[PDB]
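Take a look at the letters that make up each chain.
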Amino acid sequence: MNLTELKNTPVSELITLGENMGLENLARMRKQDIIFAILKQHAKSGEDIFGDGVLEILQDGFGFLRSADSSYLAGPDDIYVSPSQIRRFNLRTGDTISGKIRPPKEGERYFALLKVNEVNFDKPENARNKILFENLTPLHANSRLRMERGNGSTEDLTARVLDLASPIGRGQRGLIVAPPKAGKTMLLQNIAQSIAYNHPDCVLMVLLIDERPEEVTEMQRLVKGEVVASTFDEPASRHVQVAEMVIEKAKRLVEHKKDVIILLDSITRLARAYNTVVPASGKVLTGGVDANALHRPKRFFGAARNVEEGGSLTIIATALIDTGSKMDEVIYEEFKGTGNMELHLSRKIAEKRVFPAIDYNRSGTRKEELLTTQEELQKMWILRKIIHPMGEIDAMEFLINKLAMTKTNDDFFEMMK
Amino acid sequence: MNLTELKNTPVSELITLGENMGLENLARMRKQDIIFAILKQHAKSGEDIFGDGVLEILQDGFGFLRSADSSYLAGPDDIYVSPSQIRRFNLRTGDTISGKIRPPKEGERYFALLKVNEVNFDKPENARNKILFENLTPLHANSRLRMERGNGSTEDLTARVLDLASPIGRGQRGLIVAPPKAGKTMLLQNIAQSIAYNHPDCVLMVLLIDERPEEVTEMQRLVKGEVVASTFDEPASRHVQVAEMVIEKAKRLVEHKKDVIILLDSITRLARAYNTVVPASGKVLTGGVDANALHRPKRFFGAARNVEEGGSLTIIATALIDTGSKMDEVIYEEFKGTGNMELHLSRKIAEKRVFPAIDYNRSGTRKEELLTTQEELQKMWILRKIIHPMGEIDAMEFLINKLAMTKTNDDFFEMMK
Amino acid sequence: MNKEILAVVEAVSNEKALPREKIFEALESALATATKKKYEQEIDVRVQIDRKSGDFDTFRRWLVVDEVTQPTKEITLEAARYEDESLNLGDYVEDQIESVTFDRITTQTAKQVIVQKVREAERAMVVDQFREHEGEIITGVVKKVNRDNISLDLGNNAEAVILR
Amino acid sequence: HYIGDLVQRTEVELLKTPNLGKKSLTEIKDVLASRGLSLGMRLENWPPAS
Amino acid sequence: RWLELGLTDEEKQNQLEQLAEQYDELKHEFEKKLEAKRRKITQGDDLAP
Amino acid sequence: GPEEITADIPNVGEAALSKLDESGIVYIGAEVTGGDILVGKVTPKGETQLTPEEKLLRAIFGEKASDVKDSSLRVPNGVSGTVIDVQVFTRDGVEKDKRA
Ligand SMILES: Nc1ncnc2c1ncn2[C@@H]1O[C@H](COP(=O)(O)OP(=O)(O)O)[C@@H](O)[C@H]1O
Ligand SMILES: Nc1ncnc2c1ncn2[C@@H]1O[C@H](COP(=O)(O)OP(=O)(O)O)[C@@H](O)[C@H]1O
Ligand code: BEF
Ligand code: BEF
Ligand SMILES: [Mg+2]
Ligand SMILES: [Mg+2]
């Protein structure tokens, strides 16, 4: 009996399972109470339980193990852990842990962690032998993360133009600058699909902050990877909470020498949240943002880097512009020169229903010479020189046509000669 | 046991060293806690410690010695100094000091300075015999700081055009005016390399305010000199703090009759910081900048001058333009006529991937007659007259070609006849 | 606690007539007298209540002299090699920390010395602002008469004395 | 051991002694000098008669 | 304070884990007793309307 | 207004209040032979809403605390001895004094 085995299957399986186990009507309870009562009644038969979850530090000293079913929040099935385990086995926020668990004992209300078996997909014996995040030596991206599928499907174009507009690498810092309703969602979905297909070794995670529930439920079953989200049903406290959860998970995983890739949507919602949960410090500028209200977005974004010993943390967030409110603009303003790679989507191109609507020369990547080879770089320069004198819209159409004629970009490059 | 000996070596050496000294796992602590615990356990064996650092005045009276590892910030390894030492030995902000130190005594938490041995690379006996900064008589720059390497490497062109576009001298006031992603970083790196090679006697320092961490880590190991930086991971309080630290260090060093050269990148970030930490005074103009929010940038920049008794302070900062926000523009506006030397880089030239992209006639140096000789000045006038009727881009290409044919600028000048 | 200290400094009537800095200085004198009356030995103590950043923290003044009477506040002019003095005079230590400043006798002496300090400060202020007009005719009603001196009020609690 | 072996010793020879910092030095200077005498004096009649 | 050790899994790890579990369970039980005593003695009693 | 167990007893000197603590209760071990106020009970008689600013002001400046009635409990005239233990019970909701 593992926690994830009830964590991932839908509510219907839980219903039939509890109705089989001779339960009070479980349809009256929440998913977390469903799993809680089922694990209760299972342990009441005399089984030792196993479980897993991501740790969250509390200010009282003890920690709590959350799951991705609750999007890393407080729930009845969260596993309590004493501060002394956090001491001995060197635990902290982001450390995903799986091991021996039991239901809350007599008078308690939360599961207890008995025996640690896996710390961030590692032996708990070597978990104490880890390197911190701030002591890391960041670098530029050297390894290329090819986004092209090569099968030549209809939507795959929106990926190939990636390899032609703004290259990506392990540990890249990317900002999506686009007005609302321009095609950021389909772009992000294709990004996630291409990464999960071509690079299944690196862990893939996605942030949805203040989004619509339909987008969340479509995302959680379109990508091959564990996703976390937070709609507008919930206060910004939930958004900042899941923000620490995901960022510390990525930090601990990259400390374990793993390549993490986070796709955040959108950074404007996260900035609004961080501004509304931060108290007033008397420092107000245009838009209604506190001066220290942006320190947390700056932290979350500067978390991205390329480690030298092994592993990297790529952070690709989308920002919203042209939303009519100057406050949003100011956000994008401080995020203007902070990223070394940008995807600029103009609404003028998306207005003609020609996708993908990407502004070529307004997009680019800093220090992209270390991500690609010499032939590829020279061909990129030639393509930029060919596309520069023309405008945005039908020039993007020209790129789309030249991409649709060839199967992969090798034929396109050879034809460009 | 000196503080710098643990200050400069990477985190890995600290790890093996503490693991040798029979320590609690030091991998769980920060660099500052690493050095703190190692110095603790070393003094626990009975050794008197030596240390060094730059002094910072606090409003309570006492002072604190910071290092360049923390970028001159508060840390557990900062050395506390009483106000009475600041009285007797005449200490102030910027005075770098090295001498006898001990760990914090019983109940304290910061190192104490026992015995002063070196004040700004001088005897503490003559440290009281110093000249102040504002009592200095500034002048123009007379000594030429030749930036040309003479070896004729591929990138060295971006330095030789310096000697052809805008001459530099000891105590010069230079402003880099360029849009984002035009090539300011490589230019600044070449500037630092050329100065550290041709003039290793003058101290070289660089300011990075609200930059990317990859640029910081690439800068700190490309130049032959102690660098300080501050990324966007940190609030503007850190930026202004390191600003006083570096400016007072330069001031005290030039008071000690030393030639200081500071390369600041970028002054737009520093202006944003100074504006966001300054309280509102009810005086707001276009862009969202307070009227007194620019007094601190004006102070930091006017700190540059050429001293007559000996030494000088050259300050070369880069400003950002064409960033879409009028506020930035207004900053550049008040910094339009304040500098006597400017490097104008137009994005129109950088758009063709031809480097260096420098606007020749839009750049220039005021009172440059005292920096160069008569032959050199006449040849500069002739070159300006030859380049003036032509445009920016291919005229810069013409200069690049005429520079690449010859080895140093002597052959170029002789050929121009 | 320190919240009570802030409530006291904010609940004063004559706020600018006795500002936060001198208020906290008077409170430092209060806590110093309290700590003096705590120990049977006489020892000078500075407080530095940290007006807005933090709480109070008592210390131990030395009053460096070549005497030895009550060595709690005695140290020679040459003791500077260990304990990190390096001075000639003014060497004071920060050994004792975190005294109590809210018990009965502490509250009593605090209230008394605060009353004394505020009345003295306000009298000196209302006299000093009239000092610039020395050698001028002023108006004002008298307050009380006596066989040795009389009192006069120049407005806004301006006390003046006229001797026989 | 004896008090007479300590009264003829100026405090200059105490903070140089190990394990003599703040609490120990304060206790010594308090409990010894509060009895009227002090720490550090010049006398020759010692020890009579041992 | 350094109960952390490990070698020869088969039986040593089993016994060490059993004893560490007993230790943490004892500590948690004593902490529960202390918290119950605290909540009991700090609970205000009714006096009169 | 409800009653208070503070130590601000007006219309009396310090000798009768020297045996009272910071909270308003006689110390543990403080002897008493005659009628002496060993607990500072005061009750408001007239208008309520005495501002906390003016409340602490009366303890330092201004006039005496009026709405007190000096209804404090003292030992009867005739009994002596030394108090050895003090008991206090606070209803759920009232601010627990520091002696409790
Ligand atoms: N790459 C694409 N391939 C196919 N259809 C697309 C693509 N991009 C956009 N579309 C069309 O445009 C719409 C995008 O909706 P939406 O996701 O709300 O846009 P955005 O994410 O820009 O706000 C969809 O109805 C879809 O049919
Ligand atoms: N001297 C040079 N030689 C070759 N390429 C250069 C040179 N200077 C700049 N570049 C190009 O400019 C880009 C520099 O990016 P970046 O350092 O981010 O510019 P900035 O710091 O001005 O934003 C690189 O992609 C590089 O190819
Ligand atoms: F998702 Be849309 F761009 F608002
Ligand atoms: F370094 Be770039 F100008 F952001
Ligand atoms: Mg969308
Ligand atoms: Mg740069």
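Structure determination for this entry is recorded as cryo-EM, at 4.1 Å resolution.

A.B. asks: Even after reading the chapter, I still don't get the overall build of chain C, so can you show me in this structure?
C.D. replies: Summing up its helical and strand segments, chain C has 3 helices and 3 strands in all. Listing the helices and strands of chain C from first to last along the sequence gives α-α-α-β-β-β. For 164 residues, the compact-globule estimate of 2.2 N^0.38 gives 15 Å, and chain C exceeds it by more than 25% at 21 Å. Along the longest, intermediate and shortest principal axes, the C-alpha atoms of chain C span 65 × 40 × 30 Å. Within the span of chain C, comprising 164 residues, buried residues form 35% of the whole. Pairs at least 24 residues apart make up 43% of the contacts formed inside chain C by residues separated by at least 6 positions. As displayed, chain C has an accessible area near 10,500 Å², and 53% of this comes from carbon and sulfur atoms. Between the centroid of the 24 positive side chains of chain C and the centroid of its 33 negative side chains there is a distance of 8 Å.

A.B. asks: Looking at this model, I keep getting lost on the domain arrangement of chain A. Mind explaining?
C.D. replies: Accessible area lost upon the coming together of the parts serves often as the stated size of an interface. Residues and elements named next belong to chain A. Its domain assignment divides chain A into domain 1 (1-126) and domain 2 (129-417). Counting residues at the interface gives 18 residues for domain 1, matched by 16 residues for domain 2. Across the domain 1 to domain 2 interface the summed buried area is about 1,600 Å²; carbon plus sulfur atoms make up 55%. At the boundary of domain 1 and domain 2, one finds 2 salt bridges. Here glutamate 255 makes a salt bridge to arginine 92, at a shortest N to O gap of 3.9 Å. Summed over the shared surface of domain 1 and domain 2, the result is 7 residue pairs in polar contact. Looking at the side of domain 1 that touches domain 2 residue by residue, the class counts come to 7 nonpolar, 7 polar and 4 charged.

A.B. asks: Hey, could you run me through the packing of aromatic side chains in this one?
C.D. replies: Here a ring pair, both rings aromatic, is described through the centre-centre distance and the interplanar angle of the planes. Under the defined criterion, the tally for this structure stands at 15 aromatic pairs over all chains. Relative to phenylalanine 64 of chain A, the ring of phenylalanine 62 of chain A has its centre 5.8 Å away and its plane inclined at 75°; by these criteria the two rings are edge-to-face. Classification of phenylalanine 62 of chain A as partly exposed rests on a relative accessible area of 24%. With 6.3 Å between their ring centres and 65° between their planes, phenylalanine 36 of chain B and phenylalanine 111 of chain B make a pair best called edge-to-face. Note that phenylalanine 36 of chain B is positioned in helix 3 (residues 31-43) and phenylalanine 111 of chain B in strand 5 (residues 111-119), a separation of 75 residues in sequence. Since its relative accessible area comes to 2%, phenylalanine 111 of chain B is described here as buried. Through a chain of ring-to-ring contacts, the aromatic side chains of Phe62, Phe64, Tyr80 and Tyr110 of chain A assemble into a single cluster. Taking the ring centre of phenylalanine 50 of chain A as reference, the NZ or CZ of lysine 100 of chain A above it sits at 4.3 Å.

A.B. asks: Sorry, what's going on with the interface of chain C and chain B here?
C.D. replies: Each partner contributes to the interface: chain C provides 8 residues, whereas chain B provides 8 residues. When the buried surface of chain C facing chain B is broken down by residue, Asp84, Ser86 and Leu87 of chain C rank first, second and third, together holding 66% of it. For the pair chain C and chain B, the interface holds 0 salt bridges. One can count 3 residue pairs in polar contact joining chain C with chain B. Looking at the side of chain C that touches chain B, its residues break down into 2 nonpolar, 2 polar and 4 charged.

Thresholds, definitions, all that
Residues numbered from 1 in each chain as written, not as in the entry; some residues may be left out. Chains lettered and ligands numbered in written order. Part of a larger assembly, values for the part shown. Heavy atoms only, no water. Helix = DSSP H or I, 4+ residues; strand = E, 2+ residues; numbered from the N terminus. Rg over C-alpha atoms; globule rule 2.2 N^0.38 Å. Buried < 20%, exposed > 50% of the residue type's maximum accessible area, 1.4 Å probe, protein only. Contact = heavy atoms within 4.5 Å. Areas by Shrake-Rupley, 256 points an atom, 1.4 Å probe, with all protein chains shown as cover. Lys, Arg positive; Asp, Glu negative; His and termini not counted. Charge placed at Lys NZ, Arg CZ, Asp CG, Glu CD. Domains from an automatic or database assignment. Buried area = accessible area lost by both parts, 1.4 Å probe. Salt bridge = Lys/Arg side-chain N within 4 Å of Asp/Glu carboxyl O. Polar contact = N/O pair within 3.5 Å; in protein donor to acceptor, adjacent residues only side chain to side chain. Nonpolar A, V, L, I, M, F, W, Y, C, P; charged D, E, K, R; others polar. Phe/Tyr/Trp six-rings, centres within 6.5 Å; stacked < 30°, edge-to-face > 60°. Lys NZ or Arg CZ within 6 Å of the ring centre and 35° of its normal.

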